[PDB]
>>> print(open('protein_26.pdb').read())   # PDB, C-alpha atoms
MODEL        1
ATOM      1  CA  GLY J   1      36.308   1.716   5.483  1.00  0.00           C
ATOM      2  CA  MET J   2      34.318  -0.416   7.958  1.00  0.00           C
ATOM      3  CA  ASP J   3      31.106   0.326   5.954  1.00  0.00           C
ATOM      4  CA  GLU J   4      32.347  -2.012   3.163  1.00  0.00           C
ATOM      5  CA  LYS J   5      31.266  -5.696   3.370  1.00  0.00           C
ATOM      6  CA  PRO J   6      32.563  -8.875   1.570  1.00  0.00           C
ATOM      7  CA  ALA J   7      31.022  -9.378  -1.895  1.00  0.00           C
ATOM      8  CA  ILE J   8      30.917 -13.161  -2.101  1.00  0.00           C
ATOM      9  CA  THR J   9      29.322 -13.905  -5.469  1.00  0.00           C
ATOM     10  CA  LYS J  10      30.274 -17.597  -5.544  1.00  0.00           C
ATOM     11  CA  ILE J  11      31.592 -20.321  -3.200  1.00  0.00           C
ATOM     12  CA  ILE J  12      33.419 -23.253  -4.691  1.00  0.00           C
ATOM     13  CA  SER J  13      34.992 -26.447  -3.392  1.00  0.00           C
ATOM     14  CA  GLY J  14      36.206 -29.876  -4.448  1.00  0.00           C
ATOM     15  CA  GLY J  15      33.113 -31.720  -3.179  1.00  0.00           C
ATOM     16  CA  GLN J  16      34.984 -33.825  -0.548  1.00  0.00           C
ATOM     17  CA  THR J  17      33.324 -34.632   2.765  1.00  0.00           C
ATOM     18  CA  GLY J  18      34.265 -32.295   5.597  1.00  0.00           C
ATOM     19  CA  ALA J  19      35.219 -28.709   4.828  1.00  0.00           C
ATOM     20  CA  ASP J  20      34.414 -28.875   1.083  1.00  0.00           C
ATOM     21  CA  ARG J  21      30.895 -30.256   1.711  1.00  0.00           C
ATOM     22  CA  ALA J  22      30.139 -27.727   4.432  1.00  0.00           C
ATOM     23  CA  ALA J  23      31.085 -24.950   2.068  1.00  0.00           C
ATOM     24  CA  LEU J  24      28.558 -26.115  -0.508  1.00  0.00           C
ATOM     25  CA  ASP J  25      25.800 -26.774   2.056  1.00  0.00           C
ATOM     26  CA  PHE J  26      26.380 -23.289   3.474  1.00  0.00           C
ATOM     27  CA  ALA J  27      26.170 -21.710   0.001  1.00  0.00           C
ATOM     28  CA  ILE J  28      22.924 -23.598  -0.708  1.00  0.00           C
ATOM     29  CA  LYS J  29      21.397 -22.631   2.673  1.00  0.00           C
ATOM     30  CA  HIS J  30      22.172 -18.910   2.046  1.00  0.00           C
ATOM     31  CA  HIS J  31      21.390 -18.943  -1.692  1.00  0.00           C
ATOM     32  CA  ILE J  32      24.950 -17.995  -2.608  1.00  0.00           C
ATOM     33  CA  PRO J  33      25.896 -19.297  -6.099  1.00  0.00           C
ATOM     34  CA  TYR J  34      28.262 -22.232  -5.942  1.00  0.00           C
ATOM     35  CA  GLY J  35      30.299 -24.634  -8.015  1.00  0.00           C
ATOM     36  CA  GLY J  36      33.580 -26.496  -8.043  1.00  0.00           C
ATOM     37  CA  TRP J  37      35.711 -29.044  -9.790  1.00  0.00           C
ATOM     38  CA  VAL J  38      35.462 -32.670  -8.698  1.00  0.00           C
ATOM     39  CA  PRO J  39      37.312 -35.776  -9.933  1.00  0.00           C
ATOM     40  CA  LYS J  40      36.004 -37.616 -12.963  1.00  0.00           C
ATOM     41  CA  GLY J  41      33.140 -39.767 -11.623  1.00  0.00           C
ATOM     42  CA  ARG J  42      32.453 -37.277  -8.822  1.00  0.00           C
ATOM     43  CA  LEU J  43      34.657 -39.314  -6.500  1.00  0.00           C
ATOM     44  CA  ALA J  44      34.783 -38.555  -2.774  1.00  0.00           C
ATOM     45  CA  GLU J  45      35.083 -40.246   0.584  1.00  0.00           C
ATOM     46  CA  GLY J  46      31.647 -41.782   1.271  1.00  0.00           C
ATOM     47  CA  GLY J  47      30.762 -42.207  -2.417  1.00  0.00           C
ATOM     48  CA  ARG J  48      29.763 -40.290  -5.538  1.00  0.00           C
ATOM     49  CA  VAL J  49      29.058 -36.623  -4.634  1.00  0.00           C
ATOM     50  CA  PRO J  50      25.221 -36.485  -4.616  1.00  0.00           C
ATOM     51  CA  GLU J  51      23.672 -35.283  -7.862  1.00  0.00           C
ATOM     52  CA  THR J  52      21.829 -32.449  -6.129  1.00  0.00           C
ATOM     53  CA  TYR J  53      25.160 -30.549  -6.097  1.00  0.00           C
ATOM     54  CA  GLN J  54      25.818 -28.771  -9.411  1.00  0.00           C
ATOM     55  CA  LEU J  55      29.558 -29.434  -9.928  1.00  0.00           C
ATOM     56  CA  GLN J  56      31.969 -29.911 -12.811  1.00  0.00           C
ATOM     57  CA  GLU J  57      33.999 -33.072 -13.489  1.00  0.00           C
ATOM     58  CA  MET J  58      37.736 -33.023 -14.297  1.00  0.00           C
ATOM     59  CA  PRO J  59      39.146 -35.218 -17.094  1.00  0.00           C
ATOM     60  CA  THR J  60      40.669 -37.740 -14.682  1.00  0.00           C
ATOM     61  CA  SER J  61      39.862 -39.196 -11.291  1.00  0.00           C
ATOM     62  CA  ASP J  62      42.914 -37.534  -9.622  1.00  0.00           C
ATOM     63  CA  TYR J  63      42.386 -35.693  -6.362  1.00  0.00           C
ATOM     64  CA  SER J  64      45.439 -33.424  -6.649  1.00  0.00           C
ATOM     65  CA  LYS J  65      44.412 -32.145 -10.111  1.00  0.00           C
ATOM     66  CA  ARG J  66      40.909 -31.089  -8.949  1.00  0.00           C
ATOM     67  CA  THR J  67      42.381 -29.356  -5.840  1.00  0.00           C
ATOM     68  CA  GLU J  68      44.768 -27.471  -8.086  1.00  0.00           C
ATOM     69  CA  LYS J  69      41.906 -26.459 -10.467  1.00  0.00           C
ATOM     70  CA  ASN J  70      39.785 -24.991  -7.618  1.00  0.00           C
ATOM     71  CA  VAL J  71      42.770 -22.858  -6.502  1.00  0.00           C
ATOM     72  CA  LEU J  72      43.270 -21.608 -10.053  1.00  0.00           C
ATOM     73  CA  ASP J  73      39.595 -20.995 -10.859  1.00  0.00           C
ATOM     74  CA  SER J  74      38.804 -18.664  -7.893  1.00  0.00           C
ATOM     75  CA  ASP J  75      39.892 -15.328  -6.510  1.00  0.00           C
ATOM     76  CA  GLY J  76      41.313 -16.785  -3.290  1.00  0.00           C
ATOM     77  CA  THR J  77      41.349 -19.903  -1.106  1.00  0.00           C
ATOM     78  CA  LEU J  78      40.238 -20.188   2.502  1.00  0.00           C
ATOM     79  CA  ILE J  79      41.638 -23.370   4.207  1.00  0.00           C
ATOM     80  CA  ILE J  80      39.949 -24.451   7.468  1.00  0.00           C
ATOM     81  CA  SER J  81      41.452 -27.068   9.841  1.00  0.00           C
ATOM     82  CA  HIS J  82      42.101 -28.149  13.377  1.00  0.00           C
ATOM     83  CA  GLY J  83      45.870 -28.166  13.616  1.00  0.00           C
ATOM     84  CA  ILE J  84      48.700 -27.855  11.096  1.00  0.00           C
ATOM     85  CA  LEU J  85      47.892 -28.627   7.479  1.00  0.00           C
ATOM     86  CA  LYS J  86      48.624 -32.114   6.140  1.00  0.00           C
ATOM     87  CA  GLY J  87      47.739 -34.038   3.036  1.00  0.00           C
ATOM     88  CA  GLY J  88      45.360 -32.443   0.526  1.00  0.00           C
ATOM     89  CA  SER J  89      44.908 -29.309   2.631  1.00  0.00           C
ATOM     90  CA  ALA J  90      48.681 -28.710   2.749  1.00  0.00           C
ATOM     91  CA  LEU J  91      48.799 -29.281  -1.055  1.00  0.00           C
ATOM     92  CA  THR J  92      46.020 -26.694  -1.472  1.00  0.00           C
ATOM     93  CA  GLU J  93      48.174 -24.136   0.345  1.00  0.00           C
ATOM     94  CA  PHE J  94      51.227 -25.115  -1.754  1.00  0.00           C
ATOM     95  CA  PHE J  95      49.261 -24.561  -4.999  1.00  0.00           C
ATOM     96  CA  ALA J  96      47.946 -21.177  -3.817  1.00  0.00           C
ATOM     97  CA  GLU J  97      51.540 -20.128  -2.920  1.00  0.00           C
ATOM     98  CA  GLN J  98      52.928 -21.304  -6.285  1.00  0.00           C
ATOM     99  CA  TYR J  99      50.214 -19.557  -8.351  1.00  0.00           C
ATOM    100  CA  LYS J 100      50.229 -16.386  -6.181  1.00  0.00           C
ATOM    101  CA  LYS J 101      46.583 -16.733  -5.201  1.00  0.00           C
ATOM    102  CA  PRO J 102      45.478 -15.128  -1.938  1.00  0.00           C
ATOM    103  CA  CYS J 103      45.282 -17.795   0.722  1.00  0.00           C
ATOM    104  CA  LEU J 104      44.177 -17.730   4.360  1.00  0.00           C
ATOM    105  CA  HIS J 105      44.527 -20.717   6.634  1.00  0.00           C
ATOM    106  CA  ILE J 106      42.268 -20.660   9.716  1.00  0.00           C
ATOM    107  CA  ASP J 107      43.411 -23.166  12.364  1.00  0.00           C
ATOM    108  CA  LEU J 108      40.381 -23.522  14.665  1.00  0.00           C
ATOM    109  CA  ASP J 109      42.604 -24.986  17.373  1.00  0.00           C
ATOM    110  CA  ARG J 110      44.425 -21.630  17.545  1.00  0.00           C
ATOM    111  CA  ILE J 111      41.672 -19.038  16.999  1.00  0.00           C
ATOM    112  CA  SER J 112      37.986 -18.885  17.958  1.00  0.00           C
ATOM    113  CA  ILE J 113      35.345 -18.970  15.210  1.00  0.00           C
ATOM    114  CA  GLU J 114      34.275 -15.416  16.074  1.00  0.00           C
ATOM    115  CA  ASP J 115      37.788 -13.976  15.756  1.00  0.00           C
ATOM    116  CA  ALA J 116      38.471 -16.054  12.650  1.00  0.00           C
ATOM    117  CA  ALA J 117      35.369 -14.558  10.994  1.00  0.00           C
ATOM    118  CA  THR J 118      36.902 -11.089  11.557  1.00  0.00           C
ATOM    119  CA  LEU J 119      40.127 -12.207   9.897  1.00  0.00           C
ATOM    120  CA  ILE J 120      38.266 -13.686   6.919  1.00  0.00           C
ATOM    121  CA  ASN J 121      36.305 -10.439   6.518  1.00  0.00           C
ATOM    122  CA  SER J 122      39.497  -8.333   6.502  1.00  0.00           C
ATOM    123  CA  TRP J 123      41.190 -10.709   4.040  1.00  0.00           C
ATOM    124  CA  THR J 124      38.282 -11.089   1.576  1.00  0.00           C
ATOM    125  CA  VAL J 125      37.516  -7.351   1.454  1.00  0.00           C
ATOM    126  CA  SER J 126      41.151  -6.214   1.231  1.00  0.00           C
ATOM    127  CA  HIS J 127      41.929  -8.718  -1.548  1.00  0.00           C
ATOM    128  CA  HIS J 128      38.605  -8.155  -3.397  1.00  0.00           C
ATOM    129  CA  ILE J 129      37.829 -11.871  -3.204  1.00  0.00           C
ATOM    130  CA  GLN J 130      34.413 -12.594  -4.730  1.00  0.00           C
ATOM    131  CA  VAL J 131      34.748 -16.198  -5.953  1.00  0.00           C
ATOM    132  CA  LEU J 132      35.923 -17.992  -2.841  1.00  0.00           C
ATOM    133  CA  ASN J 133      37.400 -21.523  -2.840  1.00  0.00           C
ATOM    134  CA  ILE J 134      36.969 -23.230   0.537  1.00  0.00           C
ATOM    135  CA  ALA J 135      39.121 -26.251   1.394  1.00  0.00           C
ATOM    136  CA  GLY J 136      40.083 -28.437   4.311  1.00  0.00           C
ATOM    137  CA  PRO J 137      40.290 -32.013   5.602  1.00  0.00           C
ATOM    138  CA  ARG J 138      37.836 -34.809   4.766  1.00  0.00           C
ATOM    139  CA  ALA J 139      35.414 -35.901   7.477  1.00  0.00           C
ATOM    140  CA  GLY J 140      37.236 -39.170   7.998  1.00  0.00           C
ATOM    141  CA  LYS J 141      40.281 -37.208   9.105  1.00  0.00           C
ATOM    142  CA  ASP J 142      38.408 -34.682  11.275  1.00  0.00           C
ATOM    143  CA  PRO J 143      34.917 -35.511  12.557  1.00  0.00           C
ATOM    144  CA  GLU J 144      34.425 -31.889  13.741  1.00  0.00           C
ATOM    145  CA  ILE J 145      35.459 -30.088  10.537  1.00  0.00           C
ATOM    146  CA  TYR J 146      32.069 -30.111   8.749  1.00  0.00           C
ATOM    147  CA  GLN J 147      30.185 -28.417  11.575  1.00  0.00           C
ATOM    148  CA  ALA J 148      33.068 -26.133  12.487  1.00  0.00           C
ATOM    149  CA  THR J 149      33.122 -24.936   8.864  1.00  0.00           C
ATOM    150  CA  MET J 150      29.333 -24.336   8.925  1.00  0.00           C
ATOM    151  CA  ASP J 151      29.571 -22.449  12.216  1.00  0.00           C
ATOM    152  CA  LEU J 152      32.498 -20.318  10.991  1.00  0.00           C
ATOM    153  CA  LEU J 153      30.780 -19.376   7.725  1.00  0.00           C
ATOM    154  CA  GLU J 154      27.629 -18.488   9.635  1.00  0.00           C
ATOM    155  CA  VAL J 155      29.531 -15.903  11.695  1.00  0.00           C
ATOM    156  CA  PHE J 156      31.384 -14.652   8.610  1.00  0.00           C
ATOM    157  CA  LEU J 157      28.344 -14.290   6.231  1.00  0.00           C
ATOM    158  CA  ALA J 158      25.150 -14.820   8.253  1.00  0.00           C
TER     159      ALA J 158
ENDMDL
END
>>> encode(input="protein_26.pdb", output="structure tokens")
Amino acid sequence: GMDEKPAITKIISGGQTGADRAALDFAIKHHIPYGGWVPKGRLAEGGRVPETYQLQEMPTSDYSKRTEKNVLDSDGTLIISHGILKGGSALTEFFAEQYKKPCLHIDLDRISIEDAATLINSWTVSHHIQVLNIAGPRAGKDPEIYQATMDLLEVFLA
């Protein structure tokens, strides 16, 4: 029923700039537990993911392998973009599809943040998603994705 709320016990991401980084900053701001797999060496656009973020390194520096691991080590994956998925974000969706993990792609060129938050609520509650992987483009590909992600999560969980 509508009395039930999402039970997000943990947010994870791959530490990249953009959507991944907003997810972690949001979790920290709202004292939601967080984590995530990053490449060996904590590699990211813009340099080593800052040490203040408690994250786990993969055995190799490969981006694709850490994206795959975050899909596998969560209850579902939320992908946030402006426009159709490309690159790492499209790969995220492919991995979720291949491993039968719940996956919701919010395209913030097609839906408002308020309406998207409603969709995320319905999806998380109906699929009992508690450990949520959040993915999307790096900041160098979309200068608006970090703040859009923050703003979306605020409507969803704040």
>>> closest_residue(input="protein_26.pdb", among="J:1, J:113, J:130, J:17", to="residue 155 in chain J", atoms="all atoms listed in the file")
J:113
>>> closest_residue(input="protein_26.pdb", among="J:100, J:73, J:86, J:61", to="residue 141 in chain J", atoms="all atoms listed in the file")
J:86
>>> resolve_selection(input="protein_26.pdb", expression="the PyMOL selection byres ((chain J and resi 82) around 10)", output="list in words")
residues 80, 81, 83, 84, 85, 106, 107, 108, 109, 110, 111, 136, 137, 142, 144, 145 and 148 of chain J
>>> residues_around(input="protein_26.pdb", residues="residue 6 in chain J", least_positions_apart="2", cutoff="7 Å", atoms="only C-alpha atoms", output="list in words")
residues 8, 121, 124 and 125 of chain J
>>> residues_near_point(input="protein_26.pdb", point="(45.8, -27.5, -3.2)", cutoff="7 Å", atoms="all atoms listed in the file", output="PyMOL selection string")
chain J and resi 64+67-68+71+88-96
>>> resolve_selection(input="protein_26.pdb", expression="the PyMOL selection byres ((chain J and resi 56) around 9)", output="PyMOL selection string")
chain J and resi 35-40+42+54-55+57-58
>>> closest_residue(input="protein_26.pdb", among="J:60, J:147, J:70, J:122", to="residue 99 in chain J", atoms="only C-alpha atoms")
J:70
>>> atom_distance(input="protein_26.pdb", atom1="CA of residue 79 in chain J", atom2="CA of residue 104 in chain J")
6.2 Å
>>> atom_distance(input="protein_26.pdb", atom1="CA of residue 44 in chain J", atom2="CA of residue 120 in chain J")
26.9 Å
>>> closest_residue(input="protein_26.pdb", among="J:103, J:126, J:2, J:150", to="residue 23 in chain J", atoms="only C-alpha atoms")
J:150
>>> residues_near_point(input="protein_26.pdb", point="(24.7, -22.1, -7.9)", cutoff="12 Å", atoms="all atoms listed in the file", output="JSON, numbers by chain")
{"J": [9, 10, 11, 12, 24, 25, 26, 27, 28, 29, 30, 31, 32, 33, 34, 35, 36, 52, 53, 54, 55, 56, 131]}
>>> atom_distance(input="protein_26.pdb", atom1="CA of residue 115 in chain J", atom2="CA of residue 151 in chain J")
12.3 Å
>>> resolve_selection(input="protein_26.pdb", expression="the PyMOL selection byres ((chain J and resi 18) around 6)", output="list in words")
residues 17, 19, 20, 21, 138, 139, 145 and 146 of chain J
>>> closest_residue(input="protein_26.pdb", among="J:105, J:16, J:116, J:78", to="residue 63 in chain J", atoms="all atoms listed in the file")
J:16
>>> closest_residue(input="protein_26.pdb", among="J:153, J:132, J:119, J:43", to="residue 22 in chain J", atoms="all atoms listed in the file")
J:153
